[PDB]
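Worksheet: the structure to be examined is printed underneath.
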2 protein chains.
Amino acid sequence: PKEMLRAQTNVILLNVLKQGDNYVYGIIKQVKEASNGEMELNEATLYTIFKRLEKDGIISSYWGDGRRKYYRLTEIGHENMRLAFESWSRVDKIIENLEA
Amino acid sequence: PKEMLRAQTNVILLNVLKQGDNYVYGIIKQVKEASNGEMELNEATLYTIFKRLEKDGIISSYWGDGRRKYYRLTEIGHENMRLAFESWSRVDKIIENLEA
Ligand code: HEM
């Protein structure tokens, strides 16, 4: 399901930036390692996602020191992540209660 | 965020039906209890969601024995849930690796 995959990719990318500002190739490498090789993201996929996140004010970009484009979570992006994490956590506990 | 709330509601409703076929008022009651009262879903919200899920072949409906409309996960709906659970579980382990 394409839109769920995009949702999953967005969550992963935001959690990478939560660990620290990063650039596209560094993010790909980190996600490849964290997924034991099972998730090899494409440069162009990240550009597509980051254009939307920047438009929405969730992340911002800035140049490093061949200069790399770095991305950072914004203050709004951090707050949105925390709200999402807390509400999905409540969902998890609801589902836990529905089973046993 | 409205679309994330809808995503959360969909997941909860599908997990209710995973526990057994059910009807709208019974589902509301179960979700209210499982959320310790914090999630009181509206009849009309469930109708909206169930119209889409039925259209998509994820659930189907049938009459009980004042007769209630019962809903069941379909074979496709069960398979979609399992695939979603497995892939989001992989996401969780990816995020775990990104932290420590
Ligand atoms: C860790 C925090 C999580 C976030 C931020 C998150 C976010 C999202 C988003 C954004 C979507 C798609 C809806 C949209 O893009 O508007 C989605 C879909 C979904 N999530 Fe999560 N999610 C999280 C955790 C979980 C967990 C723990 C489960 C386990 C039950 C789960 C199950 C699902 C399912 C089944 C869908 C598919 C919804 C559909 O196809 O309609 N998610 N999630």
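Chains: A, B, ... in order of the structure tokens. Residues: from 1 per chain. Ligands: from 1, in order shown.
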Moved chain B, fitted on chain A by every C-alpha in sequence order, as a compact mmCIF listing (two decimals) with N, CA, C and O atoms, in the first residue's frame:
```txt
# COMPACT_ATOMS: atom_id res chain seq x y z
N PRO B 1 0.83 -1.22 0.00
CA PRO B 1 0.00 0.00 0.00
C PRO B 1 0.86 1.27 0.00
O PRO B 1 1.55 1.54 0.99
N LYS B 2 0.81 2.03 -1.10
CA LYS B 2 1.79 3.09 -1.32
C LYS B 2 1.73 4.15 -0.23
O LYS B 2 2.77 4.58 0.28
N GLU B 3 0.52 4.60 0.14
CA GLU B 3 0.41 5.70 1.09
C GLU B 3 0.86 5.30 2.49
O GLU B 3 1.34 6.14 3.25
N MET B 4 0.73 4.02 2.85
CA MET B 4 1.24 3.54 4.13
C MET B 4 2.76 3.46 4.12
O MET B 4 3.42 3.79 5.12
N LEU B 5 3.34 3.01 3.00
CA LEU B 5 4.79 3.04 2.85
C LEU B 5 5.33 4.46 3.01
O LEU B 5 6.34 4.69 3.69
N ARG B 6 4.66 5.43 2.39
CA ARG B 6 5.09 6.82 2.54
C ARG B 6 4.99 7.25 4.00
O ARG B 6 5.89 7.92 4.52
N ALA B 7 3.90 6.87 4.67
CA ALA B 7 3.78 7.17 6.10
C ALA B 7 4.94 6.57 6.88
O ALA B 7 5.52 7.22 7.75
N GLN B 8 5.28 5.32 6.58
CA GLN B 8 6.38 4.68 7.27
C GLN B 8 7.70 5.38 6.99
O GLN B 8 8.48 5.63 7.91
N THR B 9 7.95 5.73 5.72
CA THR B 9 9.19 6.42 5.38
C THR B 9 9.28 7.76 6.09
O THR B 9 10.33 8.12 6.62
N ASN B 10 8.17 8.51 6.12
CA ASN B 10 8.18 9.80 6.81
C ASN B 10 8.56 9.65 8.27
O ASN B 10 9.36 10.43 8.80
N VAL B 11 7.98 8.66 8.95
CA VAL B 11 8.25 8.47 10.38
C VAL B 11 9.72 8.15 10.59
O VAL B 11 10.35 8.65 11.53
N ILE B 12 10.27 7.29 9.74
CA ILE B 12 11.67 6.90 9.87
C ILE B 12 12.56 8.11 9.64
O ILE B 12 13.48 8.37 10.43
N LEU B 13 12.28 8.90 8.59
CA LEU B 13 13.12 10.05 8.28
C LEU B 13 13.09 11.07 9.40
O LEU B 13 14.12 11.66 9.74
N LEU B 14 11.91 11.30 9.97
CA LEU B 14 11.83 12.25 11.07
C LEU B 14 12.59 11.74 12.29
O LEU B 14 13.24 12.52 13.01
N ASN B 15 12.55 10.44 12.54
CA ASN B 15 13.30 9.93 13.68
C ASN B 15 14.79 10.00 13.45
O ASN B 15 15.55 10.17 14.41
N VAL B 16 15.25 9.89 12.20
CA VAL B 16 16.67 10.11 11.93
C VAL B 16 17.06 11.53 12.30
O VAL B 16 18.06 11.76 12.99
N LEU B 17 16.27 12.51 11.84
CA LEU B 17 16.58 13.91 12.15
C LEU B 17 16.41 14.22 13.62
O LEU B 17 17.06 15.15 14.13
N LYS B 18 15.54 13.48 14.32
CA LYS B 18 15.44 13.68 15.76
C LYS B 18 16.75 13.36 16.45
O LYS B 18 17.09 13.99 17.47
N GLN B 19 17.53 12.43 15.90
CA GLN B 19 18.83 12.08 16.48
C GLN B 19 19.89 13.14 16.22
O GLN B 19 20.88 13.21 16.95
N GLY B 20 19.71 13.94 15.18
CA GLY B 20 20.61 15.04 14.88
C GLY B 20 20.44 15.46 13.43
O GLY B 20 19.97 14.69 12.59
N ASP B 21 20.85 16.70 13.14
CA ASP B 21 20.77 17.18 11.76
C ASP B 21 21.57 16.26 10.85
O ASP B 21 22.60 15.70 11.24
N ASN B 22 21.12 16.12 9.60
CA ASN B 22 21.78 15.16 8.73
C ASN B 22 21.54 15.52 7.27
O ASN B 22 20.67 16.33 6.94
N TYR B 23 22.29 14.85 6.40
CA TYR B 23 22.18 15.09 4.97
C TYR B 23 21.73 13.80 4.28
O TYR B 23 21.78 12.71 4.86
N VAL B 24 21.28 13.94 3.03
CA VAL B 24 20.54 12.85 2.39
C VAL B 24 21.37 11.56 2.39
O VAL B 24 20.86 10.50 2.75
N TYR B 25 22.64 11.64 2.00
CA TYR B 25 23.41 10.40 1.90
C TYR B 25 23.68 9.80 3.27
O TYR B 25 23.68 8.58 3.43
N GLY B 26 23.87 10.65 4.28
CA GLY B 26 24.05 10.15 5.63
C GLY B 26 22.79 9.51 6.17
O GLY B 26 22.86 8.54 6.92
N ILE B 27 21.63 10.03 5.78
CA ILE B 27 20.37 9.48 6.24
C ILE B 27 20.14 8.12 5.62
O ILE B 27 19.73 7.16 6.30
N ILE B 28 20.38 8.01 4.32
CA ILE B 28 20.26 6.72 3.64
C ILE B 28 21.12 5.67 4.34
O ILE B 28 20.66 4.56 4.64
N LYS B 29 22.38 6.01 4.61
CA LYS B 29 23.30 5.06 5.23
C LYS B 29 22.78 4.60 6.59
O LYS B 29 22.82 3.40 6.90
N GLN B 30 22.31 5.54 7.40
CA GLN B 30 21.82 5.22 8.74
C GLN B 30 20.59 4.33 8.68
O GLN B 30 20.45 3.40 9.48
N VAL B 31 19.69 4.61 7.74
CA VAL B 31 18.48 3.80 7.62
C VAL B 31 18.83 2.42 7.08
O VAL B 31 18.24 1.41 7.50
N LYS B 32 19.78 2.34 6.15
CA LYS B 32 20.21 1.02 5.67
C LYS B 32 20.73 0.17 6.82
O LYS B 32 20.37 -1.01 6.95
N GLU B 33 21.59 0.75 7.66
CA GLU B 33 22.15 0.01 8.79
C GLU B 33 21.06 -0.37 9.79
O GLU B 33 21.01 -1.52 10.24
N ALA B 34 20.22 0.59 10.17
CA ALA B 34 19.20 0.32 11.18
C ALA B 34 18.21 -0.75 10.72
O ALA B 34 17.61 -1.43 11.55
N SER B 35 18.02 -0.89 9.41
CA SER B 35 17.12 -1.90 8.87
C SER B 35 17.84 -3.18 8.47
O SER B 35 17.24 -4.03 7.81
N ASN B 36 19.11 -3.31 8.84
CA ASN B 36 19.91 -4.49 8.47
C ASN B 36 19.93 -4.71 6.96
O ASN B 36 19.94 -5.85 6.47
N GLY B 37 19.93 -3.62 6.21
CA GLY B 37 20.01 -3.66 4.76
C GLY B 37 18.67 -3.76 4.05
O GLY B 37 18.63 -3.64 2.82
N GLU B 38 17.58 -3.98 4.78
CA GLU B 38 16.29 -4.23 4.15
C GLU B 38 15.62 -2.96 3.65
O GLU B 38 14.66 -3.05 2.88
N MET B 39 16.10 -1.79 4.04
CA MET B 39 15.51 -0.55 3.57
C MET B 39 16.62 0.31 2.98
O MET B 39 17.37 0.95 3.72
N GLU B 40 16.73 0.30 1.66
CA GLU B 40 17.69 1.13 0.94
C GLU B 40 16.89 2.24 0.28
O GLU B 40 16.28 2.03 -0.78
N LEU B 41 16.85 3.39 0.91
CA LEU B 41 16.07 4.49 0.38
C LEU B 41 16.83 5.13 -0.77
O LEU B 41 18.07 5.09 -0.82
N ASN B 42 16.08 5.71 -1.70
CA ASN B 42 16.60 6.37 -2.88
C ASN B 42 16.72 7.87 -2.63
O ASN B 42 15.81 8.47 -2.05
N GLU B 43 17.83 8.46 -3.08
CA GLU B 43 18.03 9.91 -3.02
C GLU B 43 16.78 10.68 -3.44
O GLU B 43 16.33 11.60 -2.74
N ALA B 44 16.23 10.32 -4.60
CA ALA B 44 15.08 11.07 -5.13
C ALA B 44 13.86 10.94 -4.24
O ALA B 44 13.09 11.89 -4.10
N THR B 45 13.65 9.77 -3.62
CA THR B 45 12.56 9.62 -2.67
C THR B 45 12.71 10.60 -1.51
O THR B 45 11.74 11.23 -1.09
N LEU B 46 13.93 10.74 -0.98
CA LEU B 46 14.14 11.68 0.12
C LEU B 46 13.90 13.12 -0.32
O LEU B 46 13.32 13.91 0.43
N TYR B 47 14.35 13.48 -1.53
CA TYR B 47 14.10 14.84 -1.99
C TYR B 47 12.62 15.13 -2.06
O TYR B 47 12.16 16.20 -1.64
N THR B 48 11.85 14.17 -2.56
CA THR B 48 10.41 14.35 -2.66
C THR B 48 9.81 14.58 -1.28
O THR B 48 9.02 15.50 -1.07
N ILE B 49 10.18 13.73 -0.32
CA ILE B 49 9.63 13.84 1.02
C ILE B 49 10.09 15.12 1.68
O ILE B 49 9.31 15.82 2.34
N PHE B 50 11.37 15.48 1.52
CA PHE B 50 11.86 16.66 2.21
C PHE B 50 11.29 17.95 1.63
O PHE B 50 11.12 18.93 2.37
N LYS B 51 10.98 17.98 0.33
CA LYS B 51 10.30 19.16 -0.21
C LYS B 51 8.98 19.40 0.52
O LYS B 51 8.67 20.54 0.90
N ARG B 52 8.20 18.34 0.72
CA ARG B 52 6.93 18.48 1.42
C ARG B 52 7.13 18.87 2.88
O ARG B 52 6.43 19.76 3.38
N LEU B 53 8.09 18.24 3.56
CA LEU B 53 8.30 18.56 4.97
C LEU B 53 8.77 20.01 5.15
O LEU B 53 8.36 20.69 6.09
N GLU B 54 9.63 20.48 4.25
CA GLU B 54 10.07 21.87 4.31
C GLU B 54 8.91 22.82 4.02
O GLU B 54 8.75 23.84 4.71
N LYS B 55 8.11 22.51 2.99
CA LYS B 55 6.94 23.33 2.69
C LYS B 55 6.05 23.48 3.92
O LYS B 55 5.54 24.57 4.21
N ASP B 56 5.90 22.40 4.68
CA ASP B 56 5.02 22.35 5.83
C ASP B 56 5.66 22.89 7.09
O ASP B 56 5.01 22.93 8.14
N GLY B 57 6.92 23.33 7.01
CA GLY B 57 7.62 23.88 8.16
C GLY B 57 8.06 22.87 9.19
O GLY B 57 8.37 23.25 10.32
N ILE B 58 8.08 21.58 8.82
CA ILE B 58 8.45 20.52 9.75
C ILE B 58 9.96 20.41 9.86
O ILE B 58 10.49 20.10 10.92
N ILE B 59 10.66 20.64 8.75
CA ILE B 59 12.12 20.64 8.73
C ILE B 59 12.57 21.90 8.02
O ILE B 59 11.79 22.57 7.34
N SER B 60 13.85 22.23 8.19
CA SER B 60 14.45 23.30 7.41
C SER B 60 15.81 22.82 6.95
O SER B 60 16.33 21.82 7.44
N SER B 61 16.39 23.51 5.97
CA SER B 61 17.64 23.07 5.39
C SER B 61 18.67 24.18 5.50
O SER B 61 18.34 25.37 5.58
N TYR B 62 19.94 23.78 5.47
CA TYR B 62 21.04 24.73 5.50
C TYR B 62 22.29 24.05 4.96
O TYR B 62 22.39 22.82 4.97
N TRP B 63 23.23 24.86 4.48
CA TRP B 63 24.43 24.29 3.87
C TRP B 63 25.47 23.96 4.92
O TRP B 63 25.67 24.71 5.89
N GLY B 64 26.13 22.82 4.74
CA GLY B 64 27.31 22.50 5.52
C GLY B 64 28.50 23.35 5.08
O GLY B 64 28.40 24.23 4.23
N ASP B 65 29.64 23.06 5.70
CA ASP B 65 30.92 23.75 5.48
C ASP B 65 31.10 24.43 4.12
O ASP B 65 32.15 24.29 3.48
N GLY B 66 32.28 20.77 -2.82
CA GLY B 66 31.36 19.78 -2.29
C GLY B 66 30.80 20.13 -0.92
O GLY B 66 31.33 19.72 0.11
N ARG B 67 29.71 20.91 -0.91
CA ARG B 67 28.99 21.24 0.30
C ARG B 67 27.68 20.46 0.33
O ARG B 67 27.00 20.32 -0.69
N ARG B 68 27.33 19.93 1.50
CA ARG B 68 26.14 19.12 1.64
C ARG B 68 24.97 19.95 2.16
O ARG B 68 25.14 20.89 2.94
N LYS B 69 23.77 19.61 1.70
CA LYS B 69 22.56 20.21 2.23
C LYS B 69 22.14 19.45 3.49
O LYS B 69 21.87 18.24 3.42
N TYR B 70 22.13 20.12 4.63
CA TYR B 70 21.72 19.50 5.87
C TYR B 70 20.28 19.86 6.17
O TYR B 70 19.80 20.93 5.80
N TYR B 71 19.61 18.96 6.87
CA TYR B 71 18.23 19.14 7.28
C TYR B 71 18.15 19.05 8.80
O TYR B 71 18.88 18.26 9.42
N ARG B 72 17.27 19.85 9.37
CA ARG B 72 17.01 19.86 10.81
C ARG B 72 15.51 19.83 11.03
O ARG B 72 14.75 20.43 10.26
N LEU B 73 15.08 19.12 12.08
CA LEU B 73 13.73 19.31 12.59
C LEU B 73 13.57 20.74 13.11
O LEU B 73 14.46 21.26 13.78
N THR B 74 12.44 21.36 12.80
CA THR B 74 12.13 22.66 13.38
C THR B 74 11.50 22.48 14.76
O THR B 74 11.17 21.37 15.19
N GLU B 75 11.31 23.60 15.46
CA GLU B 75 10.58 23.57 16.72
C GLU B 75 9.18 22.99 16.52
O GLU B 75 8.73 22.16 17.32
N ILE B 76 8.50 23.40 15.45
CA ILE B 76 7.19 22.83 15.13
C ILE B 76 7.31 21.35 14.83
O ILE B 76 6.48 20.54 15.27
N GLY B 77 8.32 20.97 14.05
CA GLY B 77 8.50 19.56 13.72
C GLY B 77 8.72 18.70 14.95
O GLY B 77 8.14 17.61 15.08
N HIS B 78 9.53 19.18 15.90
CA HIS B 78 9.70 18.47 17.16
C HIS B 78 8.38 18.33 17.91
O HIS B 78 8.07 17.25 18.43
N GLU B 79 7.60 19.41 17.99
CA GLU B 79 6.35 19.33 18.73
C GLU B 79 5.36 18.38 18.05
O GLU B 79 4.69 17.60 18.73
N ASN B 80 5.28 18.43 16.72
CA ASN B 80 4.41 17.50 16.00
C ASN B 80 4.81 16.05 16.23
O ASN B 80 3.94 15.18 16.40
N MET B 81 6.11 15.76 16.23
CA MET B 81 6.55 14.39 16.47
C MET B 81 6.13 13.92 17.86
O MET B 81 5.64 12.80 18.02
N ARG B 82 6.34 14.76 18.87
CA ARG B 82 6.00 14.36 20.24
C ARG B 82 4.51 14.12 20.39
O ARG B 82 4.09 13.15 21.03
N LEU B 83 3.69 14.99 19.79
CA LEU B 83 2.24 14.79 19.84
C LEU B 83 1.85 13.49 19.15
O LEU B 83 1.02 12.73 19.66
N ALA B 84 2.45 13.22 17.99
CA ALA B 84 2.15 11.98 17.26
C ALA B 84 2.59 10.76 18.05
O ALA B 84 1.87 9.75 18.10
N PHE B 85 3.76 10.83 18.67
CA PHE B 85 4.25 9.70 19.46
C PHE B 85 3.34 9.43 20.64
O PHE B 85 3.04 8.27 20.96
N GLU B 86 2.88 10.48 21.32
CA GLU B 86 2.03 10.29 22.48
C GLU B 86 0.67 9.73 22.09
O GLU B 86 0.14 8.85 22.78
N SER B 87 0.09 10.21 20.98
CA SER B 87 -1.24 9.73 20.60
C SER B 87 -1.19 8.32 20.04
O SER B 87 -2.08 7.51 20.31
N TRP B 88 -0.17 7.99 19.24
CA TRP B 88 -0.06 6.61 18.79
C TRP B 88 0.25 5.68 19.95
O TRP B 88 -0.18 4.52 19.95
N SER B 89 0.97 6.16 20.96
CA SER B 89 1.19 5.33 22.15
C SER B 89 -0.13 5.02 22.85
O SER B 89 -0.33 3.90 23.33
N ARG B 90 -1.04 6.00 22.91
CA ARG B 90 -2.35 5.74 23.49
C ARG B 90 -3.11 4.71 22.66
O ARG B 90 -3.83 3.87 23.21
N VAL B 91 -2.96 4.77 21.34
CA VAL B 91 -3.56 3.77 20.46
C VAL B 91 -3.04 2.39 20.81
O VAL B 91 -3.81 1.43 20.94
N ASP B 92 -1.72 2.26 20.96
CA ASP B 92 -1.13 0.97 21.30
C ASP B 92 -1.72 0.42 22.59
O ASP B 92 -2.05 -0.77 22.67
N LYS B 93 -1.87 1.27 23.61
CA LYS B 93 -2.44 0.78 24.86
C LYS B 93 -3.91 0.43 24.71
O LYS B 93 -4.39 -0.51 25.35
N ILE B 94 -4.64 1.16 23.86
CA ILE B 94 -6.03 0.77 23.58
C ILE B 94 -6.07 -0.62 22.98
O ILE B 94 -6.87 -1.47 23.38
N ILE B 95 -5.22 -0.88 21.98
CA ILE B 95 -5.23 -2.18 21.31
C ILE B 95 -4.84 -3.28 22.28
O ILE B 95 -5.43 -4.37 22.29
N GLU B 96 -3.84 -3.01 23.13
CA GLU B 96 -3.48 -3.94 24.20
C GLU B 96 -4.69 -4.32 25.04
O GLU B 96 -4.92 -5.49 25.34
N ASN B 97 -5.50 -3.32 25.41
CA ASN B 97 -6.69 -3.60 26.21
C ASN B 97 -7.72 -4.41 25.44
O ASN B 97 -8.45 -5.22 26.03
N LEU B 98 -7.80 -4.21 24.12
CA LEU B 98 -8.79 -4.94 23.32
C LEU B 98 -8.45 -6.42 23.20
O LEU B 98 -9.36 -7.24 23.01
N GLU B 99 -7.18 -6.79 23.29
CA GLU B 99 -6.80 -8.19 23.23
C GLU B 99 -7.02 -8.88 24.57
O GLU B 99 -7.98 -9.64 24.74
N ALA B 100 -6.14 -8.61 25.53
CA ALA B 100 -6.27 -9.19 26.87
C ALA B 100 -6.04 -8.13 27.94
O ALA B 100 -6.20 -8.40 29.13
```
* Test item, helix (DSSP H, G or I) assignment across chain A, answer as an MDAnalysis selection string -> chainID A and resid 2:19 24:34 43:55 75:99
For C-alpha atoms, I'd like the residues from the last selection saved as a PDB file, in the first residue's frame.
```pdb
ATOM      1  CA  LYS A   2       1.785   3.088  -1.323  1.00  0.00           C
ATOM      2  CA  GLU A   3       0.411   5.700   1.089  1.00  0.00           C
ATOM      3  CA  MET A   4       1.242   3.542   4.132  1.00  0.00           C
ATOM      4  CA  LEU A   5       4.794   3.040   2.854  1.00  0.00           C
ATOM      5  CA  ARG A   6       5.086   6.818   2.545  1.00  0.00           C
ATOM      6  CA  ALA A   7       3.776   7.168   6.096  1.00  0.00           C
ATOM      7  CA  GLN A   8       6.380   4.677   7.270  1.00  0.00           C
ATOM      8  CA  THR A   9       9.187   6.418   5.382  1.00  0.00           C
ATOM      9  CA  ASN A  10       8.177   9.803   6.811  1.00  0.00           C
ATOM     10  CA  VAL A  11       8.249   8.469  10.375  1.00  0.00           C
ATOM     11  CA  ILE A  12      11.670   6.905   9.870  1.00  0.00           C
ATOM     12  CA  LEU A  13      13.123  10.048   8.276  1.00  0.00           C
ATOM     13  CA  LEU A  14      11.831  12.254  11.073  1.00  0.00           C
ATOM     14  CA  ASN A  15      13.296   9.931  13.679  1.00  0.00           C
ATOM     15  CA  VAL A  16      16.668  10.106  11.933  1.00  0.00           C
ATOM     16  CA  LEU A  17      16.576  13.906  12.146  1.00  0.00           C
ATOM     17  CA  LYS A  18      15.436  13.676  15.762  1.00  0.00           C
ATOM     18  CA  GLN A  19      18.826  12.080  16.483  1.00  0.00           C
ATOM     19  CA  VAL A  24      20.545  12.846   2.394  1.00  0.00           C
ATOM     20  CA  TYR A  25      23.405  10.397   1.899  1.00  0.00           C
ATOM     21  CA  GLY A  26      24.052  10.152   5.626  1.00  0.00           C
ATOM     22  CA  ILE A  27      20.365   9.477   6.244  1.00  0.00           C
ATOM     23  CA  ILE A  28      20.263   6.721   3.643  1.00  0.00           C
ATOM     24  CA  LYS A  29      23.296   5.062   5.229  1.00  0.00           C
ATOM     25  CA  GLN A  30      21.818   5.217   8.741  1.00  0.00           C
ATOM     26  CA  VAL A  31      18.485   3.796   7.622  1.00  0.00           C
ATOM     27  CA  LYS A  32      20.212   1.021   5.669  1.00  0.00           C
ATOM     28  CA  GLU A  33      22.145   0.012   8.791  1.00  0.00           C
ATOM     29  CA  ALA A  34      19.202   0.316  11.179  1.00  0.00           C
ATOM     30  CA  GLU A  43      18.035   9.908  -3.020  1.00  0.00           C
ATOM     31  CA  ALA A  44      15.085  11.071  -5.131  1.00  0.00           C
ATOM     32  CA  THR A  45      12.564   9.624  -2.665  1.00  0.00           C
ATOM     33  CA  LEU A  46      14.145  11.678   0.119  1.00  0.00           C
ATOM     34  CA  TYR A  47      14.105  14.844  -1.992  1.00  0.00           C
ATOM     35  CA  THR A  48      10.406  14.349  -2.655  1.00  0.00           C
ATOM     36  CA  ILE A  49       9.635  13.841   1.021  1.00  0.00           C
ATOM     37  CA  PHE A  50      11.862  16.662   2.211  1.00  0.00           C
ATOM     38  CA  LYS A  51      10.298  19.155  -0.213  1.00  0.00           C
ATOM     39  CA  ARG A  52       6.925  18.477   1.424  1.00  0.00           C
ATOM     40  CA  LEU A  53       8.298  18.564   4.975  1.00  0.00           C
ATOM     41  CA  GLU A  54      10.072  21.870   4.309  1.00  0.00           C
ATOM     42  CA  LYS A  55       6.941  23.327   2.694  1.00  0.00           C
ATOM     43  CA  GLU A  75      10.579  23.573  16.717  1.00  0.00           C
ATOM     44  CA  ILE A  76       7.187  22.831  15.133  1.00  0.00           C
ATOM     45  CA  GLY A  77       8.504  19.561  13.722  1.00  0.00           C
ATOM     46  CA  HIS A  78       9.701  18.466  17.159  1.00  0.00           C
ATOM     47  CA  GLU A  79       6.349  19.329  18.731  1.00  0.00           C
ATOM     48  CA  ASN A  80       4.406  17.503  16.003  1.00  0.00           C
ATOM     49  CA  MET A  81       6.546  14.390  16.473  1.00  0.00           C
ATOM     50  CA  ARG A  82       6.003  14.360  20.236  1.00  0.00           C
ATOM     51  CA  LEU A  83       2.242  14.788  19.845  1.00  0.00           C
ATOM     52  CA  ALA A  84       2.154  11.985  17.263  1.00  0.00           C
ATOM     53  CA  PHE A  85       4.245   9.696  19.456  1.00  0.00           C
ATOM     54  CA  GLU A  86       2.029  10.292  22.480  1.00  0.00           C
ATOM     55  CA  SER A  87      -1.239   9.732  20.604  1.00  0.00           C
ATOM     56  CA  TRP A  88      -0.058   6.609  18.792  1.00  0.00           C
ATOM     57  CA  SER A  89       1.191   5.334  22.148  1.00  0.00           C
ATOM     58  CA  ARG A  90      -2.351   5.736  23.491  1.00  0.00           C
ATOM     59  CA  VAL A  91      -3.562   3.772  20.464  1.00  0.00           C
ATOM     60  CA  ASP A  92      -1.133   0.972  21.304  1.00  0.00           C
ATOM     61  CA  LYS A  93      -2.436   0.775  24.859  1.00  0.00           C
ATOM     62  CA  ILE A  94      -6.029   0.775  23.577  1.00  0.00           C
ATOM     63  CA  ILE A  95      -5.228  -2.179  21.312  1.00  0.00           C
ATOM     64  CA  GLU A  96      -3.478  -3.938  24.198  1.00  0.00           C
ATOM     65  CA  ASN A  97      -6.688  -3.601  26.214  1.00  0.00           C
ATOM     66  CA  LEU A  98      -8.791  -4.937  23.323  1.00  0.00           C
ATOM     67  CA  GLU A  99      -6.804  -8.195  23.229  1.00  0.00           C
TER      68      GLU A  99
END
```
* List every residue of chain B that DSSP, applied to the backbone of this structure, places in strand (DSSP E or B), and write the result as a list in words. =>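 Written out, the strand (DSSP E or B) residues of chain B are residues 22, 23, 59, 60, 61, 62, 63, 69, 70, 71, 72 and 73 of chain B.
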